[PDB]
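Below is start_39.cif, holding mmCIF, C-alpha atoms and all ligand atoms.
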```cif
data_target
loop_
_atom_site.label_atom_id
_atom_site.label_comp_id
_atom_site.auth_asym_id
_atom_site.auth_seq_id
_atom_site.Cartn_x
_atom_site.Cartn_y
_atom_site.Cartn_z
CA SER A 303 127.10 113.81 108.72
CA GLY A 304 125.99 110.42 107.28
CA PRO A 305 123.93 107.57 108.94
CA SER A 306 126.32 107.11 111.92
CA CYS A 307 125.12 103.71 113.19
CA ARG A 308 125.85 103.70 116.98
CA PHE A 309 125.57 99.84 116.99
CA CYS A 310 128.56 99.66 114.53
CA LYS A 311 130.34 102.38 116.62
CA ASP A 312 130.80 103.86 113.07
CA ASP A 313 133.06 100.83 112.24
CA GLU A 314 131.57 98.28 109.75
CA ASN A 315 133.93 95.43 110.91
CA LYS A 316 132.28 95.12 114.37
CA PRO A 317 129.39 92.49 114.83
CA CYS A 318 126.37 94.87 114.59
CA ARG A 319 123.05 92.96 114.29
CA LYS A 320 121.07 95.79 112.52
CA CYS A 321 123.52 95.83 109.50
CA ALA A 322 123.94 92.02 109.34
CA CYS A 323 121.79 89.11 108.12
CA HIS A 324 119.68 88.62 111.30
CA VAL A 325 118.55 85.12 110.14
CA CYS A 326 122.07 83.72 111.05
CA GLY A 327 123.33 86.86 112.90
CA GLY A 328 126.33 87.59 110.61
CA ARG A 329 127.75 89.49 107.58
CA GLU A 330 129.74 86.50 106.15
CA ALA A 331 129.41 84.96 102.62
CA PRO A 332 128.99 88.42 100.84
CA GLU A 333 128.57 86.60 97.47
CA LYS A 334 125.27 85.05 98.76
CA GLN A 335 123.94 88.28 100.40
CA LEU A 336 120.53 89.59 99.17
CA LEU A 337 119.52 93.00 100.58
CA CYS A 338 115.79 93.83 100.98
CA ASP A 339 115.02 97.45 99.79
CA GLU A 340 112.16 98.13 102.25
CA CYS A 341 113.60 96.03 105.21
CA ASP A 342 117.01 97.83 104.76
CA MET A 343 118.40 94.41 105.69
CA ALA A 344 120.90 91.86 104.33
CA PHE A 345 119.85 88.19 103.91
CA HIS A 346 121.54 85.07 102.39
CA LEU A 347 120.50 82.54 99.67
CA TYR A 348 120.83 79.72 102.27
CA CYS A 349 118.89 81.90 104.85
CA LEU A 350 115.73 82.26 102.67
CA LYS A 351 112.47 80.23 102.85
CA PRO A 352 112.20 78.64 100.28
CA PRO A 353 116.11 78.84 100.22
CA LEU A 354 117.21 79.97 96.73
CA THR A 355 120.23 78.13 95.22
CA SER A 356 120.84 81.21 92.99
CA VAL A 357 120.05 84.98 92.86
CA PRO A 358 116.53 85.77 91.31
CA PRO A 359 116.25 87.81 87.97
CA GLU A 360 114.38 90.53 89.96
CA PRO A 361 116.37 93.87 90.40
CA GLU A 362 114.15 95.04 93.31
CA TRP A 363 114.32 92.28 95.97
CA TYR A 364 111.66 91.59 98.64
CA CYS A 365 112.04 88.74 101.22
CA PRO A 366 109.20 86.05 101.73
CA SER A 367 108.37 87.97 104.99
CA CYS A 368 107.39 91.01 102.77
CA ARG A 369 104.48 89.02 101.17
CA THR A 370 103.64 87.08 104.40
CA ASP A 371 99.94 87.61 105.44
CA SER A 372 100.87 86.62 109.04
CA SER A 373 102.05 90.18 109.87
CA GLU A 374 103.21 91.46 113.29
CA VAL A 375 100.28 92.37 115.61
CA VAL A 376 100.31 96.12 116.49
CA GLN A 377 99.83 95.88 120.31
CA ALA A 378 96.65 97.71 121.54
CA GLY A 379 95.73 99.16 124.97
CA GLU A 380 97.42 102.59 124.74
ZN ZN B 401 125.31 98.95 112.25
ZN ZN B 402 122.53 84.65 106.75
ZN ZN B 403 111.65 92.27 103.23
#
```
Mind turning this structure into structure tokens?
Amino acid sequence: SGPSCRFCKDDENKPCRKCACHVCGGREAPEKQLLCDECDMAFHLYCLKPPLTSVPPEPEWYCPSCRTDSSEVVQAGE
């Protein structure tokens, strides 16, 4: 019925990359997790660049990669 993530095998406790903080490949230190609305992806304070010592006062949270001008190159030659 819901978003049944095949990577999790439905179970949250299994090491599934696409629901973890990919920057260190883990879900640990939940206190320091910062989720990115548009990336659908968990991060950590100590996994940011510049690494924040504390949570920002911004309710909506975008990672540095969201304002990075060096975007991924959409591969041509279809
Ligand atoms: Zn998952
Ligand atoms: Zn992390
Ligand atoms: Zn982001």
Neighbourhood of ligand ZN 402 (chain B) at 9 Å, counting only C-alpha atoms and all ligand atoms, reported as a ChimeraX atom specification:
/A:322-331,334-335,344-350
Which residues are near ligand ZN 403 (chain B) in this structure, taking near to mean any atom at most 12 Å from a ligand atom and counting all atoms listed in the file? Format them as number ranges by chain.
A: 323-324, 336-345, 350, 362-370, 373
Produce as a VMD selection string the set of residues near ligand ZN 401 (chain B), where near means within 10 Å with only C-alpha atoms and all ligand atoms considered.
chain A and resid 305 to 322
One number please: CA of residue 356 (chain A) to CA of residue 371 (chain A), in Å, one decimal.
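Taking CA of residue 356 (chain A) and CA of residue 371 (chain A), their separation equals 25.2 Å.
The interatomic distance for the pair CA of residue 332 (chain A) and CA of residue 361 (chain A) works out to 17.3 Å.
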Just how far from CA of residue 377 (chain A) is CA of residue 352 (chain A), in Å to one decimal?
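Here the two named atoms are 29.2 Å from each other.
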Edge lengths and centre in Å to one decimal, as JSON, is what I'm after for the box along x, y and z that holds all listed atoms of region 313-330 of chain A once 8 Å is added on each side.
```
{"center_x": 126.2, "center_y": 92.3, "center_z": 110.5, "size_x": 31.4, "size_y": 33.1, "size_z": 24.7}
```
